[PDB]
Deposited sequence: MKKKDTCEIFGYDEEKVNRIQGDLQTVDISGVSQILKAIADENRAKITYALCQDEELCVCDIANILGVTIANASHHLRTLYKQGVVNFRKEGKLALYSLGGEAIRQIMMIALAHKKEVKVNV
C-alpha cells in the first residue's frame, strides 16, 4: 500500500456504514439546544408536562414551546398523548440515560 494504516481505516469505515450516524447527529442536535435540553431535563424529573408548563418553565411564548416540542417529537426525544390537551413525556428510558450520563460527565 501507498497509503496510511489502510486496514484499520477500511475496517472503521465498514463499521461506520453499519450504524445511522446521520440519525444520531439529528437526535443529539434536537437535545443539544439550550431550551430543548431544559425541556428534556424537566421531563426527567416529572412524568408529564403540558405545553404551557413548558412555555412557563422556560419563560418563552407557547409558539416557541410548541416549536421546540415538535422538534423533540420527530426525533423521539418526547412522547405525547391527547382530553383536548397534549401531555408530554420522555420518549424512552434511553433519553433519561443520555441526559443523566451527560450531567454526571461534566462533573
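- Query: Which parts of the deposited sequence lack C-alpha coordinates?
  - Reply: In sequence order, the gaps with no modelled C-alpha are 1-8, 91, 117-122.
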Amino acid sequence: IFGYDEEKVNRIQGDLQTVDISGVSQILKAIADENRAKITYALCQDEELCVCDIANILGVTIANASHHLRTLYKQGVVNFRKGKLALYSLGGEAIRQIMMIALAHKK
From here on, numbers count along this sequence of modelled residues.
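- Stretch with the higher entry mean CA B-factor, where the candidates are 23-31 and 70-78: Going by the record's values, the stretch with the higher mean is 70-78.
- Averaged over C-alpha atoms, is the B-factor higher for 53-61 or for 38-46 in this PDB entry? Result: 38-46.
- Item | Identity of residue with top Cα B-factor, from 98, 9, 90, 16 | When the deposited C-alpha B-factors of 98, 9, 90, 16 are compared, 90 is largest.
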